[PDB]
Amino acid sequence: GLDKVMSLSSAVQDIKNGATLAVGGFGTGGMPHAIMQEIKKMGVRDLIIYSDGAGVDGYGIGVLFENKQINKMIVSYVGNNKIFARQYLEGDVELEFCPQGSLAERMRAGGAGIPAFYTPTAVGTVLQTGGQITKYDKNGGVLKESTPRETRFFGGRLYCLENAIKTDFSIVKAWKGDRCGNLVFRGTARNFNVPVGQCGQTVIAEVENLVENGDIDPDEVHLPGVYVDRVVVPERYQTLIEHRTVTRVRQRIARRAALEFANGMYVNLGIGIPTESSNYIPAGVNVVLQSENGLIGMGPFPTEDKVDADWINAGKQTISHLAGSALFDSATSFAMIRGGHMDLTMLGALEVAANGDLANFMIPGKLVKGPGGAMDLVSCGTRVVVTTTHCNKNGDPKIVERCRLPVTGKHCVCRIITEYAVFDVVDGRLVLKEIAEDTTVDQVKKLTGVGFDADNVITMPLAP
C-alpha cells in the first residue's frame, strides 16, 4: 500500500527554529537518539521539547544542549543529565515540570481531539498553584515562574484542568515498523512513544527493523501507521544502558515494609528503599510489581546472558520479567495508576507530615529532580506507605507538623515506616503503632517533629 520511508536528513529538514517537538523515550529506552543526532547536525535553535525526561549527557535529547539548541524543556524527570541541570540553574534553559501521568495523557489528549481533561494529580502542589521557577537570570535570580492550573469540584473532590499538548513534530523510536508506518515496540521502550506518536503534526519514527506492509500481524501493531508520516531506518546502534544491573537502616526499614505486602496485590515501588522491600517478601506472598514506564510482572535483575536495554525499570536499571507479565504504554500506565488499580504504592521521601502530606521531588534551588510519577502515585486512592530514615542525613526530623519542602502530595500518606517507628495517619494526625529494638518511645518523641496521640503501641516486627 503506502510507502513513507525516507532518509534521515530529508525526514527532519522541515524543522524550523522555534519549533515544538514531542519526543518519546524513558531515560534511554525508546529514546530516538539517531534522529536527535540529525537534529543536532542541522543546527536548529530555540526548540521547545516535550518529553518524559531529557535523556542523558551525550545521548538522545541531551545531545541538543551542547550547542544550546533548546529554549524550553517540558519534562517530568531531569535524571542523569548534568548539562540539563546546569543549563537550567544558570539561565540558559526554561524548565517546566509536569507530572508524568499528566504529560502522557496531555499528549494523548492532543492526539485524540480532547482539548482538556481533569485529574487529581498535582492538586494543592506548587505545580497547580504556580510559582515554581521555570527560568533564572544569568546571576541566579528568578525570571519566570509556572502559571497556575485551573481547578474544579467533581463529587466533592478537587481536580486540576490539564490542556492538550499538540506539537509541530513528534519523534518516536520503535523496534519494528512497516513502510506505511505501523510500529511495534519491545520491552519498556514503548512508554511515551505511543502518545508522543499521536500528538505531533508531522511524526517521524526511527525503526530498528523495517519490514514490508503485510509482515506485521495487524493484531500486534502498537501504533497504527495513520499516526506516522515519515519512517526513517538509521544505521543500527546499541541503545545506551545507564545501569547495567545483573544478578549472579535502609534494609531494616525495608524488612518492616515487606510485611505490608499481601498475597495477590499489584504494587508500585519507588526507586530506593521501596525497591529493597521487594527482596524481603515472604515466600508465601505473591505480588505483581508494576513499573511506571510500562510493565507489570517485573522481575529481578537478569543474568548476564539476558540483559536487554529495552527492559528497564523506573530507576533505569536492566530488569527481567516473570510469568504472565504484560507490557503497555505510558498513557495506559498512568490510567492504571490514576485509576486506583494498584493496591499498594511505596515511595521515598525528603519530608512527611502528620497532615498526610509528603515532599519527595525537589529541594528548592539545591536539588532539581522533577515529580516523575510520584504526584500521580500519591494522588490516586491507593494506600501509600512512605519508607524513610527517621531523620535527615544531618540529623533533622523527617516527620513534622507541616512540610517545609515543596509537597509531592496533599493528605495522601496512610502509613509511615521508619527504622525506629511506624505511624498511621489518622483523621489528619499522627498515631504511633510500632517501635523496634532498645529504642523507646521516649526516644521517638524527640527524634520526631510532632506529637502523637498513642493510647496503644506494639513492638516492631521484621522480615527474615
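One-based numbering along the sequence shown.
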Chain break class for residue 248 to residue 249, judged by how many deposited residues have no coordinates: 10 or more
Entry-level comparison of average CA B-factors, 159-167 and 300-308, reporting the higher stretch: 300-308
Of 188-196 and 82-90, the one with larger mean CA B-factor: 82-90
Residue selected from 324, 224, 348, 339 by maximal Cα B factor: 348
Residue with maximal Cα B-factor (values as given in the PDB entry) among 395, 43, 53, 30: 395
Residue 20 by Cα B-factor - lowest, middle or highest third of the modelled chain: lowest
Chain-relative CA temperature factor third for residue 120: lowest
Residue 364 - Cα temperature factor, lowest/middle/highest third of chain: highest
Third assignment of residue 400 from its chain's C-alpha B-factors: highest
Residue 356 by Cα B-factor - lowest, middle or highest third of the modelled chain: highest
